[PDB]
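In structure tokens, one chain follows: the form deposited in one PDB entry.
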């Protein structure tokens, strides 16, 4: 039987990274994780079974067959940034942080440099999706590389349709009542 990832739709920062990790595992190893939605402002942004702290790590470590490439130590570096730095709605702070990424991506297609993405790419793209301040900074590309990178992953339905799944899900939550 699966885990239950429960994510919250009224949350100020919506846990898109976690939704996207869950969808990857499901894509390769079907029924590994059940996704559950809950519209309610007194509720954590994400919950894996019981754990509320460190949920992304938990998913990522658990299914280590799917999450293997990239030097562990280094995936930690960029998961950190993502979680504690690319969420903040403060243009002065963001810009500095986006620059770090934009330099990292100079001679690269993916963050840690491989031929395919890693957990780092997930943590970051998710963070930037939740923080809607970043929408305008792209869309109109203050940091060229970051805009090129983000645009790529957007084309992958596991990433770029992550939003609809949520919209649809919350629609169904209102039906199942009401």
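Shifts are known only where both forms have a C-alpha. Superpose the two forms; the largest set of C-alphas matching within 1.5 Å is the rigid core. Numbering follows the first chain given and starts at 1.
> Using only the Cα atoms and their B-factors as the entry lists them, report which of 110 to 118 and 50 to 58 averages higher.
Going by the record's values, the stretch with the higher mean is 50 to 58.
> On mean Cα temperature factor in this entry, is 68 to 76 or 86 to 94 the higher one?
For C-alpha atoms only, the mean B-factor is higher in 68 to 76.
> Identify, among 132, 30, 44, 126, the residue whose C-alpha carries the highest B-factor in the deposited PDB entry.
That would be 44.
> Using the B-factor values recorded in the entry, state whether the Cα atom of residue 36 falls in the lowest, middle or highest third among the modelled residues of its chain.
According to the entry, residue 36 has a C-alpha B-factor in the chain's highest third.
FYI, the form deposited in another entry isn't displayed, but the following is about it.
> After the core is superposed, which of these residues, 61, 151, 52, 136, moves its CA 2 Å or more between the shown form and the other one?
Residue with a C-alpha shift of 2 Å or more: 136.
> Is the CA-CA spacing of residue 95 and residue 138 tighter or wider in that other deposited form than here, given a 3 Å or more change?
Nearer in that other deposited form, by 3 Å or more.
> Tell me whether residue 140 and residue 95 end up closer or farther apart in that other deposited form, going by their C-alpha atoms; the shift is 3 Å or more.
Closer, not farther.
> I need the moving stretches between the shown form and the other one: superpose on the rigid core, then report runs of 3+ consecutive residues where each CA shifts by 2 Å or more, in sequence order.
Residues 135 to 142 form the single run that moves by 2 Å or more between the shown form and the other one.
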